[PDB]
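> no letters, just coordinates:
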C-alpha cells in the first residue's frame, strides 16, 4: 500500500515468496503481485521463475 | 550499437527493475531489427538477471 516496493524486495523473510504467490493468485490486481514476485525472483538470482 | 545499448542499460541498472526491463526491450527490438541479433539479445537478458 505504501508503494515502497524496493524495501519489500529487500526483506529477507521466509514468508515472502509464498505470500506474493497467494496474492497474485487470489487478488484482482494480478498484474501487481505478479510483477512484484517476478522482480523478487530477479533479485535472489532466481532466474527461471522470473 | 548493441554495445552502447547494453552500456547505457547498465548505467540505468546501476528504477532498477524498470531499467533492466527497458534494456531487454531494447535488446529484443535491435534483435528483430537485423538470429545472432536475437541470440545476443536473449543471452544478454539472461546475463543481467
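On my side now, so go ahead. Numbers count the residues shown, from 1 in each chain, chains lettered A, B, ... in the order given.

> quick one: the helices in chain B, in order.
With DSSP state H as the criterion, chain B has helices at B:2-13, B:16-33, B:36-48.

> of all those helices, which one is nearest residue A:20?
helix B:16-33 (14.1 Å; Cβ to Cβ). From N, CA and C alone the C-beta is placed, and that goes for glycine too.

> the residue nearest to residue B:6 when sequence neighbours are not counted: what's it in contact with?
Leaving aside its chain neighbours, residue B:6 sits nearest to residue B:44 (5.9 Å; criterion: Cβ to Cβ, 6 or more residues apart in numbering or on different chains). Shown in contact with residue B:44 (Cβ atoms under 8 Å, 6 or more residues apart in numbering or on different chains): B:6, B:23-24, B:27.

> go again with 10 Å.
For residue B:44, the contacting residues are B:2, B:5-6, B:9, B:23-24, B:26-27, B:31, by Cβ atoms under 10 Å, 6 or more residues apart in numbering or on different chains.

> residues from chain A in reach of chain B?
Residues of chain A lying close to chain B by Cβ under 10 Å from any Cβ of the partner chain are A:5-6, A:9, A:35-36, A:38-43, A:45-48, A:50.
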